[PDB]
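What follows is a single structure, written as structure tokens, with notes after it.
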Amino acid sequence: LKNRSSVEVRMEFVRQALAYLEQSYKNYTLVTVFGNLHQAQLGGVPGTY
Amino acid sequence: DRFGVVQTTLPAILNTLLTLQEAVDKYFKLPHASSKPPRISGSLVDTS
Amino acid sequence: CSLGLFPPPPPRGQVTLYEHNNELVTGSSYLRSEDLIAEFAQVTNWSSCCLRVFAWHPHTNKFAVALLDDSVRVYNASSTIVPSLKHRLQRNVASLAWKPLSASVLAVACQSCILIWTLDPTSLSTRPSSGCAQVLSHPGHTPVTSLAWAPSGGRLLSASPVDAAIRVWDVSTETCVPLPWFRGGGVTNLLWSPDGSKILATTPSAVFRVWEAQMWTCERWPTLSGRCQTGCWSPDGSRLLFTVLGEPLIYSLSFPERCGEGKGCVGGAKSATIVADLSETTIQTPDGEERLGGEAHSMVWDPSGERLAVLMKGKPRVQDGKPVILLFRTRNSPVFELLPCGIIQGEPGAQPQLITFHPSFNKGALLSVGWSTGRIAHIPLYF
Amino acid sequence: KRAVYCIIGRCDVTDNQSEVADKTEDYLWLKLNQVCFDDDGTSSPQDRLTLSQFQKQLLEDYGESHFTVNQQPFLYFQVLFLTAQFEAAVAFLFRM
Amino acid sequence: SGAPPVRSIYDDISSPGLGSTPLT
Amino acid sequence: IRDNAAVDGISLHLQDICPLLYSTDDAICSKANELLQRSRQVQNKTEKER
Amino acid sequence: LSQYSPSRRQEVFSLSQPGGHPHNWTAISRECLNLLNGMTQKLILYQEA
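Those protein sequence lines, which keep their order, are chains Y, L, B, H, D, V and X.
Mapping to the authors' numbering: the first sequence position 23 is 264, numbers consecutive.
Mapping to the authors' numbering: the second sequence position 31 is 609, numbers consecutive.
Going letter by letter, the third sequence gives residues 2 to 31, 134 to 486 in the authors' numbering.
Mapping to the authors' numbering: the fourth sequence position 87 is 473, numbers consecutive.
Mapping to the authors' numbering: the fifth sequence position 4 is 89, numbers consecutive.
Mapping to the authors' numbering: the sixth sequence position 1 is 846, numbers consecutive.
Mapping to the authors' numbering: the seventh sequence position 41 is 378, numbers consecutive.
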């Protein structure tokens with residue numbers, strides 16, 4: 242109850258929940274682009290931009 | 579580099595240079611791996 | 002430009018502290136081998152000065168100082184501990200050169216050899232062992248007067264007025280490559296351009312030789328009255344400034360870029376231009392006529408190319424023959440200009456013995472001055 | 387230009403940015419970036435989402451009949467577990 | 086208005102089709 | 846359609862420059878065709894049927 | 338060429354038409370990395386031996 246009530250541990254739960262939701266959208270944006278490559282025009286430069 | 583082409587490879591370059599510098603600086607700690615060989619100056623055959 | 006365009010020297014007892022807004026703010030304080140070194144040393148009185156050489160490290164707040172006892176000392180802004188370098192072959196030190204792209208390597212010119220010191224950058228002991236001092240020498244290349252590393256860190260040059268060949272050294276394979284030419288004298292000073300594509304080499308004669316670092320070619324400059332005394336490259340390597348002993352003149356020589364294939368030729372314009380005169384003028388001051396003019400003994404440019412410092416030496420009719428520091432503001436594009444900025448002055452009775460800029464000062468420029476009092480000053484120029 | 391400011395400046399918790407956020411992961415991600423844990427009394431309460439407010443807002447102020455639990459059960463488990471309501475998320479996942 | 090949507094990001098990927106027997 | 850800009854923006858520009866004319870059904874047929882010729886290159890089955 | 342000719346560095350960074358790919362850089366870098374990793378392994382196998 243003191244670990245689950247910590248400010249630090251509740252920041253960490255939200256820091257991980259945001260990291261999960263961001264990598265989830267990174268998976269979805271990767272799949273969307275790799276299906277539609279002819280629209281997407283991805284070229285030959287790696288990186289989220 | 580108006581295309582950022584080299585930057586895409588920069589992480590792999592730094593990894594291979596640092597792991598090679600590790601291999602060289604693990605190696606140069608070995609016995610006789612630090613001693614310089616005696617040289618004759620002005621030979622017609624090179625010793626480089 | 003000419004000396005008749007400078008602002009007056011500061012009133013007798015004030016010291017120049019810094020440049021700001023383009024103005025110099027003041028306050029109340031902050134031969135044998137040996138006579139042949141004294142003929143070609145960068146220090147205006149190398150035979151009586153306490154300080155024989157100063158050199159900044161090319162990236163960090165570390166500097167090396169050669170003293171009259173043939174110590175080299177090393178100072179660092181993050182160390183109260185000062186290493187004292189003294190080898191058994193270390194005698195009549197003429198030049199110091201730090202290796203670029205290295206925290207830890209210093210070259211020293213001596214009467215009988217070159218010494219390459221290795222210094223452990225975290226563990227700066229007060230007196231490092233004589234094993235930490237790699238010795239380089241060649242029969243006839245003695246005394247050594249000047250040393251110049253390539254900007255890429257992989258090559259070192261050395262000069263000797265006795266020897267009609269620049270010695271290129273690889274310090275890592277321990278090879279020696281003389282560059283012999285066909286008469287003229289030996290070598291007095293050596294200066295790389297910042298690109299590492301060109302090298303100036305001066306001689307005891309009224310001839311200098313510029314060299315190419317790709318094909319190791321040579322381009323000759325023989326229509327001089329006296330010896331080429333000193334010079335400096337622009338930050339781009341496209342211009343070379345030089346001065347002639349007996350002439351009060353700053354010359355400039357341009358080198359356009361290799362927009363073309365298939366030949367090693369050094370590639371300068373067919374002549375120099377004159378850009379500043381240092382003739383024997385008056386300037387009016389609250390303290391009367393002051394008289395200025397003489398011969399430019401040293402010249403040093405900032406890394407930014409916006410400030411040129413010139414160590415003039417007066418004739419024995421002008422300020423008793425004292426040396427003076429002139430500061431010029433420079434422009435390199437589209438035109439090459441030398442504008443005046445002012446006159447740099449120290450402790451009442453001090454004389455400037457050496458000048459040099461800091462290579463990595465993130466607030467305009469920083470001028471190191473070595474004084475005849477044995478003091479070092481560091482004068483920032485804020486721009 | 388709204389949504390990026392509503393995130394970086396933790397403001398207008400009263401707007402869902404639904405001209406950009408169509409989906410429950412983007413609603414969770416928007417509101418989770420808007421979370422404070424810190425009693426800075428210079429913040430006005432109309433901008434002030436705590437994790438505790440958001441936990442209740444999903445479990446009690448919207449509930450299992452908002453998230454269509456029988457058709458998208460793993461989405462309600464995702465809503466509770468990413469808000470660290472692990473005990474309620476287990477009590478839910480143990481009913482089915 | 087203030088209430089949430091009820092959809093995942095994968096709904097654009099899970100569109101109707103044969104689900105099965107992946108050849109070629 | 847060939848060099849793969851979206852026709853929608855040029856189809857709309859062709860209408861502002863007309864006070865009221867036919868210049869509409871050719872633009873709809875052009876969008877119908879753009880989507881059909883893109884469907885031929887598209888390899889995601891879901892996307893192709895969409 | 339990498340020190341003494343800028344035009345021949347611009348030949349290395351150039352994108353090869355039609356497909357926009359940096360074939361000059363991705364050949365040169367790849368074989369330099371093959372040789373450097375070959376030396377890393379040649380040093381490891383000597384330290385083991």
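Just so you know, even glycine gets a beta-carbon here, dropped at the ideal spot from N, CA and C.
| Asked | Found |
| --- | --- |
| Rounding to the nearest angstrom, what Cα-Cα distance links H:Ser-404 and H:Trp-415 in this structure? | 13 angstroms |
| Is there a C-beta anywhere in chain V that falls below 9 angstroms from the one on Y:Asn-268? | no |
| Would you call X:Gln-347 buried or exposed, if buried means 16 or more other Cβ atoms sit within 10 Å of its Cβ? | exposed |
| For B:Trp-319, name the three-state secondary structure that DSSP assigns. | coil |
| Check each candidate in B:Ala-212, B:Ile-184, B:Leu-395 and B:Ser-182 and name the one with the smallest Cα separation from B:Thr-291. | B:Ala-212 |
| In angstroms, rounded to a whole number, what distance separates the CA positions of B:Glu-24 and B:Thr-388? | 17 angstroms |
| According to the neighbour-count rule (16 or more other Cβ atoms, all chains shown, within 10 Å of its Cβ), is B:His-244 buried or exposed? | buried |
| Compare the Cα-Cα distances from B:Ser-308 to each of B:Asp-138, B:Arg-13 and B:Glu-142 and report the closest residue. | B:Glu-142 |
| What number of angstroms, rounded off, separates the C-alpha of B:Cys-362 from the C-alpha of B:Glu-409? | 26 angstroms |
| Excluding five sequence neighbours on each side, which residues of the same chain lie with their C-beta closer than 7 angstroms to the C-beta of B:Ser-187? | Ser-174, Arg-176, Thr-229 and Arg-230 |
| If you reduce the DSSP assignment to three classes, tell me which class B:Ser-355 lands in. | strand |
| Going by the CB atoms, is the gap between B:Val-472 and B:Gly-452 shorter than 9 angstroms? | no |
| So L:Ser-619 contacts chain B; which residues on that side make the cut at Cβ distance below 8 angstroms? | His-241 and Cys-279 |
| Cβ closer than 7 angstroms: which chain D residues qualify as neighbours of H:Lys-409? | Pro-90, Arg-92, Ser-93 and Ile-94 |
| Comparing the C-beta of Y:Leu-278 with each C-beta of chain V, is any distance below 9 angstroms? | yes |
| Is it true that the region 364-373 of chain X meets the region 593-605 of chain L, where meeting means three or more beta-carbon pairs spaced less than 8 angstroms apart? | yes |
| Would you list, in chain order, the members of the region 584-595 of chain L that have their beta-carbon closer than 8 angstroms to a beta-carbon of chain X? | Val-584, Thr-587, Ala-590, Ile-591, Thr-594 and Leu-595 |
| X:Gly-375 CB to nearest chain Y CB: under 9 angstroms? | no |
| By Cβ distance, which residues of its chain are closer than 8 angstroms to B:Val-369, with the 5 residues on each side in sequence left out? | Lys-301, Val-313, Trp-314, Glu-315, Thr-320, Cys-321, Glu-322 and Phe-358 |
| For X:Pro-359, return the contacting residues in chain Y, with the cut-off set at a CB-CB distance below 8 angstroms. | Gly-285 |
| So the alpha helix (DSSP H) X:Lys-379 belongs to, where does it begin and stop? | 360-385 |
| Determine the direct distance from the alpha carbon of B:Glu-398 to that of B:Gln-456, and round the result to whole angstroms. | 14 angstroms |
| Measuring alpha carbon to alpha carbon, tell me which of B:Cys-235, B:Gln-214 and B:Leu-227 ends up nearest B:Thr-221. | B:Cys-235 |
| Which residues of chain B have a Cβ atom closer than 7 angstroms to the Cβ of L:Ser-626, listed in chain order? | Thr-276 and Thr-278 |
| Please identify the residue among Y:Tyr-290, Y:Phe-254 and Y:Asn-277 whose C-alpha is closest to the C-alpha of V:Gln-888. | Y:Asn-277 |
| I'd like to check one pair, B:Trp-252 with B:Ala-200: are the Cβ atoms closer than 9 angstroms? | yes |
| Could you tell me whether any Cβ in chain Y is nearer than 9 angstroms to the Cβ of L:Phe-606? | no |
| Determine the DSSP secondary structure at B:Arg-342, reduced to helix, strand or coil. | strand |
| Quick one: list the residues of chain H neighbouring Y:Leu-259, beta-carbon separation under 8 angstroms, in chain order. | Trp-415, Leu-418 and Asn-419 |
| Anything in the region 233-258 of chain B with a Cβ closer than 9 angstroms to a Cβ of chain X? List those residues in chain order, please. | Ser-255 |
| For chain D, check one thing: does any of its Cβ atoms lie closer than 9 angstroms to the Cβ of Y:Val-272? | yes |
| Note down the Cα distance separating L:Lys-614 from Y:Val-274, rounded to an integer number of angstroms. | 57 angstroms |
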